[PDB]
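Please read the structure below before turning to the comments.
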Amino acid sequence: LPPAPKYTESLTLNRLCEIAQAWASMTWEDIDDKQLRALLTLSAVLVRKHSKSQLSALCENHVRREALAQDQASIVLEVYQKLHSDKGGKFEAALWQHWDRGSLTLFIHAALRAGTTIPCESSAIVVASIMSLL
Amino acid sequence: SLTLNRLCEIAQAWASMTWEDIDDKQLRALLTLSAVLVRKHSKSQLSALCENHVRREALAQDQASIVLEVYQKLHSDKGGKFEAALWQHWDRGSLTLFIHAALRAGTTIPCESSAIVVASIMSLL
């Protein structure tokens with residue numbers, strides 16, 4: 001336990017969140033693959049900003065807003081876990097090249113909706129503690 | 001509830017205000033806010049926080065290691081264990097300055113070290 005110390009436009013966490021939420025609330029009926037590829041990277045990073053305790057939370061926000069069968073519910077949770085653990089973009093890259101690009105679009109979009117919408121902290125006493133600052 | 005976005009709006013609102021008139025109740029909540037916010041950054045960016053924290057505080061490199069240690073131990077923390085130890089062990093002033101610098105640095109460093117990931121995400125602004 002260590003002693004106390006003795007005496008334009010960057011991608012801050014705040015801006016990551018504003019981008020993710022801005023795009024999550026849009027309709028994507030005109031995006032090219034460059035925008036989708038970037039949305040994929042945004043969504044993988046956004047997942048990694050959540051604690052893994054909350055991984056399940058994202059998934060089952062995702063399952064409910066998209067009305068998925070246990071078939072895809074299982075797959076969705078595994079994808080969130082493989083993105084949360086992803087190193088060097090290996091799994092992300094596999095997703096981009098191998099998944100059907102339209103189902104990958106639906107997944108990316110629902111992932112941005114879940115990341116900007118679930119609580120980032122499960123413990124209610126931490127939630128109340130932080131929210132007392134107003 | 002406490003989404004990532006509102007966690008950030010809170011941390012940014014408080015980092016940019018002056019705490020010359022806050023009680024220990026507000027400070028204790030602020031320490032918790034900064035531990036959560038540190039945990040939102042990837043572990044590779046810990047050093048970035050450290051260097052911002054040192055440079056904005058005009059701290060000797062002597063202290064840099066100590067500062068980085070605190071960041072890592074806040075980043076590791078489960079059950080608020082280390083957070084609690086820190087709170088009761090450090091004096092109010094050292095703790096105020098560190099928490100405040102942590103809210104400035106946490107809301108302002110890039111959250112991603114890779115320039116290609118950064119350019120890709122920033123193509124959507």
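We name chains A, B, ... following the order of the structure tokens; residues begin at 1 in each chain, and ligands are numbered from 1 as shown.
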Which of region 17-70 of chain B fall in alpha helix (DSSP H), as a VMD selection string: chain B and resid 24 to 40 46 to 57 61 to 70
Which residues of region 28-112 of chain B sit at most 9 Å from region 10-24 of chain B, using only C-alpha atoms? Give each one's shortest atom pair and distance in Å (one decimal place), in chain and ascending residue order, as a tab-separated table.
residue	atom	partner	partner_atom	distance
B:28	CA	B:24	CA	6.0
B:29	CA	B:24	CA	8.6
B:30	CA	B:14	CA	8.5
B:33	CA	B:11	CA	7.1
B:34	CA	B:11	CA	7.6
B:37	CA	B:11	CA	7.8
B:92	CA	B:24	CA	8.6
B:96	CA	B:19	CA	8.7
B:100	CA	B:15	CA	6.2
B:101	CA	B:15	CA	7.9
B:102	CA	B:15	CA	8.4
B:103	CA	B:15	CA	5.2
B:104	CA	B:15	CA	5.2
B:105	CA	B:15	CA	8.8
B:106	CA	B:11	CA	8.2
B:107	CA	B:12	CA	6.1
B:108	CA	B:12	CA	8.7
At most 6 Å to chain B: residues in chain A, only C-alpha atoms, as number ranges by chain: A: 5, 11-14, 17, 38, 42, 49, 117-120, 129-130
How about saving the chosen residues, N, CA, C and O atoms kept, as a CSV table (one decimal), in the first residue's frame?
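File result33.csv, as written:
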chain,number,residue,atom,x,y,z
A,5,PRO,N,1.3,10.8,-3.2
A,5,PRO,CA,2.3,11.6,-3.9
A,5,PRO,C,2.8,12.8,-3.1
A,5,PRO,O,1.9,13.5,-2.5
A,11,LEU,N,-10.5,11.2,-29.2
A,11,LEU,CA,-11.4,10.2,-28.9
A,11,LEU,C,-11.3,9.9,-27.4
A,11,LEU,O,-10.7,8.8,-27.0
A,12,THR,N,-11.8,10.8,-26.6
A,12,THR,CA,-12.0,10.6,-25.1
A,12,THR,C,-13.0,9.5,-24.9
A,12,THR,O,-13.8,9.1,-25.8
A,13,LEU,N,-13.1,9.0,-23.7
A,13,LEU,CA,-14.2,8.0,-23.4
A,13,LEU,C,-15.5,8.7,-23.6
A,13,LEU,O,-16.4,8.1,-24.2
A,14,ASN,N,-15.7,9.9,-23.2
A,14,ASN,CA,-16.9,10.7,-23.4
A,14,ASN,C,-17.3,10.7,-24.9
A,14,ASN,O,-18.5,10.6,-25.3
A,17,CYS,N,-18.5,7.4,-26.3
A,17,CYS,CA,-19.9,7.2,-25.9
A,17,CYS,C,-20.8,8.0,-26.7
A,17,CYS,O,-21.9,7.5,-27.1
A,38,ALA,N,-16.1,0.6,-39.5
A,38,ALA,CA,-15.9,1.4,-38.3
A,38,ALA,C,-16.9,1.2,-37.2
A,38,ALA,O,-16.6,1.2,-36.0
A,42,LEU,N,-16.0,0.3,-33.4
A,42,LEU,CA,-16.7,1.1,-32.3
A,42,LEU,C,-17.4,0.1,-31.4
A,42,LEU,O,-17.3,0.3,-30.1
A,49,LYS,N,-15.3,-1.6,-23.0
A,49,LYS,CA,-15.3,-0.7,-21.9
A,49,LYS,C,-16.2,-1.2,-20.8
A,49,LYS,O,-16.1,-0.7,-19.6
A,117,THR,N,-26.9,1.7,-23.2
A,117,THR,CA,-28.2,1.7,-22.5
A,117,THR,C,-28.2,0.9,-21.2
A,117,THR,O,-28.9,1.3,-20.3
A,118,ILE,N,-27.4,-0.1,-21.1
A,118,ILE,CA,-27.3,-0.8,-19.8
A,118,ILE,C,-26.5,0.0,-18.8
A,118,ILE,O,-25.8,0.9,-19.2
A,119,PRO,N,-26.7,-0.3,-17.5
A,119,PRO,CA,-25.8,0.4,-16.5
A,119,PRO,C,-24.4,-0.2,-16.7
A,119,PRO,O,-24.2,-1.4,-17.0
A,120,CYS,N,-23.4,0.6,-16.4
A,120,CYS,CA,-22.0,0.1,-16.5
A,120,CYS,C,-21.6,-0.5,-15.2
A,120,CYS,O,-20.5,-1.0,-15.1
A,129,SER,N,-24.0,5.7,-4.9
A,129,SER,CA,-22.9,6.5,-4.4
A,129,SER,C,-22.5,7.5,-5.5
A,129,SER,O,-22.4,8.7,-5.2
A,130,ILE,N,-22.2,7.0,-6.7
A,130,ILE,CA,-21.9,7.9,-7.8
A,130,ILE,C,-23.0,8.9,-8.1
A,130,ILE,O,-22.8,10.1,-8.3
Proximity to residue 62 (chain A) - best of A:41, A:74, A:21, A:10, only C-alpha atoms: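 Of the candidates, the smallest distance to residue 62 (chain A) is held by A:74.
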Of the listed residues A:19, A:25, A:123, A:132, that which approaches residue 39 (chain A) most closely, counting only C-alpha atoms: A:19
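One finds CA of residue 84 (chain A) at 26.4 Å from CA of residue 9 (chain A).
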Residues within 8 Å of residue 46 (chain B), only C-alpha atoms, excluding chain neighbours under 3 positions, as an NGL selection string: :B and (41-43 or 49-50 or 68 or 71-72)
Pairwise distance for CA of residue 20 (chain A) and CA of residue 93 (chain A), rounded to one decimal in Å: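 Distance reported for this atom pair: 19.5 Å.
For the residues A:51, A:66, A:100, A:107, ranking by smallest atom-to-atom distance to residue 77 (chain B) using only C-alpha atoms places A:51 first.
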Which residue of A:24, A:87, A:57, A:77 approaches residue 43 (chain A) most closely, using only C-alpha atoms: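 For residue 43 (chain A), the nearest of the candidates is A:24.
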Å distance separating CA of residue 116 (chain B) from CA of residue 76 (chain B), one decimal place: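 Going from CA of residue 116 (chain B) over to CA of residue 76 (chain B) covers 27.4 Å.
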